[PDB]
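What follows is one structure encoded as structure tokens, with my remarks underneath.
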Amino acid sequence: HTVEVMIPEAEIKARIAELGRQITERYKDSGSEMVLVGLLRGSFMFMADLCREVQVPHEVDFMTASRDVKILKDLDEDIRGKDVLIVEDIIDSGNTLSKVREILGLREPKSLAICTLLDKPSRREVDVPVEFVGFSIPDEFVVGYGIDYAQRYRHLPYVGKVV
Ligand SMILES: [Mg+2]
């Protein structure tokens, strides 16, 4: 197989700056504390780029999930009464994401939303709400920007297609 560029690095960058202005507008006037929560390992790169574009004061935290959805590593921060934005790299089935959303919901955050870089709507098995989407894509075999295919390509600066 081989990997071709699907969404170039510069397009991801321009799109993230828009998501950032958009998230900033949506939360700018809340005043409450804000927390961006990534799901490891996939979201680390998107989180790094996204949080630098969110001009609202906030903390960044991570959690690891994965039959029942279990927490392999919980949040270090408390979110009760805070605005929380879950940061995903890609959503397809939406199963894990919906369970994570429920788990976090029990902590009574002021608000809870999801921002994913890539969305694959045609694969949704459960229907979870998603407030911000970077790119909506067909059901393509994608890698890069945090997404791996058998432990590699995770470090590519662009989203590529495995051929
Ligand atoms: Mg993920």
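Coordinate-derived values only; no laboratory data. Heads up, the Cβs are rebuilt from the backbone with ideal geometry, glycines too, and the neighbour counts pull from every protein chain shown.
Tabulated data
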quantity	calculated
Cα→Cβ-extended label distance, 7 Å offset, between residue 64 and residue 103, nm	1.2
Charge sum, other residues only, whose C-beta stays under 12 Å from residue 146's C-beta, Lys/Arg counted +1 and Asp/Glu -1	-2
Bridge type composition, the chain - antiparallel percent by DSSP, nearest 5	30
Burial ordering of 108, 131, fewest other beta-carbon atoms within 10 Å first	108, 131
Expected 222 nm ellipticity per residue - DSSP helices of 4 or more, -39500 (n - 2.57), all of the chain, to 500	-7500 deg cm²/dmol
Residue 21/residue 150 FRET efficiency (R0 41 Å; Cβ-Cβ; nearest 0.05)	0.70
Computed magnitude of the charge dipole of the chain (debye, nearest 20; Cβ of K, R +1, Cβ of D, E -1)	220
Cβ-defined net charge surrounding residue 83, 14 Å radius [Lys, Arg +1; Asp, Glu -1]	-3
Estimated vicinal HN-Hα couplings, Hz - segment 5-11 in sequence order (Karplus 6.51, -1.76, 1.60; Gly, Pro = x)	5, 10, 10, x, 3, 5, 6
Dipole of segment 1-145, positive end: most advanced residue of 27, 117, 128 [Cβ charges, Cα centre]	128
Distance histogram for the chain (every C-alpha pair counted, 5 angstrom bins, percent rounded to whole numbers)	2, 9, 19, 22, 21, 15, 8, 3, 1, 0
Sparsely packed GluC sites (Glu not before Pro) within segment 70-122, loop by DSSP, other Cβ within 10 Å at most 15	77
Selection from 43, 16, 71, by position along the positive dipole direction of the chain (Cβ)	71
